[PDB]
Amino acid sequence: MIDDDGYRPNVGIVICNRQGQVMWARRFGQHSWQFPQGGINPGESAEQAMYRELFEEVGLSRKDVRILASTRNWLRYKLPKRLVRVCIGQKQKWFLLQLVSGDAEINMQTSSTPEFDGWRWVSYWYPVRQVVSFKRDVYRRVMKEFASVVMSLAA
């Protein structure tokens, strides 16, 4: 499950529309919001894990989205020492998806273990200043990499 360095291989998902917005989801039973992210299971490609977690967490099919971009290397963050439960952080590949189906297709309850209560569209800049602190450096990098593509859709 975990590599030699203590990092869990993980995929993260930025879903956008053609209005310069991204999909912002509220953590189940909490007050904090984030992008979907999920662990890569043994034997999966990153893209496979992404589509699995896409449905598990957001209820979307491959058929509902198109992949616009992905990050070319692993982005890493470490967990706060207090939050460590061995896994000391995640190494993430991030995907940029455009939602092409209707907003109504997003469903947080297709799986037996929902991770989000629900969602809303937010302005492109919003996530970097709103995500939990220990993910902010990764988020800054991700949004910088995806920025030109999302803006192109909104032009």
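Superpose the two forms; the largest set of C-alphas matching within 1.5 Å is the rigid core. Residue positions are given as counts along the sequence shown, with the first one as 1.
Visitor: Between 36-44 and 109-117, pick out the one whose C-alpha positions differ more from the shown form in 4 other deposited structures of this protein, using the rigid core for superposition.
Guide: Looking at 109-117 and 36-44 in 4 other deposited structures of this protein, the bigger mover is 109-117.
Visitor: Are any deposited residues left out of the model between residue 72 and residue 73, and how many (none, 1 to 3, 4 to 9, 10 or more)?
Guide: The entry has no gap there; residue 72 and residue 73 are joined directly.
Visitor: Highest mean C-alpha temperature factor of the two stretches 24-32 and 50-58, which is it?
Guide: Between 50-58 and 24-32, it is 24-32.
Visitor: When the Cα temperature factors in the entry are averaged, is it 38-46 or 91-99 that ends up higher?
Guide: It is 38-46.
Visitor: Residue 108's Cα B-factor: lowest, middle or highest third of the chain?
Guide: It belongs to the lowest third of the chain when residues are ordered by C-alpha B-factor.
Visitor: Sorting by Cα B-factor within the chain, modelled residues only, which third would residue 86 end up in: lowest, middle or highest?
Guide: It belongs to the highest third of the chain when residues are ordered by C-alpha B-factor.
Visitor: Please say which third, lowest, middle or highest, residue 143 falls into when its CA temperature factor is compared across its chain.
Guide: According to the entry, residue 143 has a C-alpha B-factor in the chain's middle third.
Visitor: Is the Cα B-factor recorded for residue 125 in the lowest, middle or highest third of its chain?
Guide: Residue 125: CA B-factor falls in the highest third of its chain.
Visitor: Grab the CA temperature factor for residue 17 from the record and place it in the lowest, middle or highest third of its chain.
Guide: Its C-alpha B-factor, which the entry lists for residue 17, ranks in the lowest third among residues of this chain.
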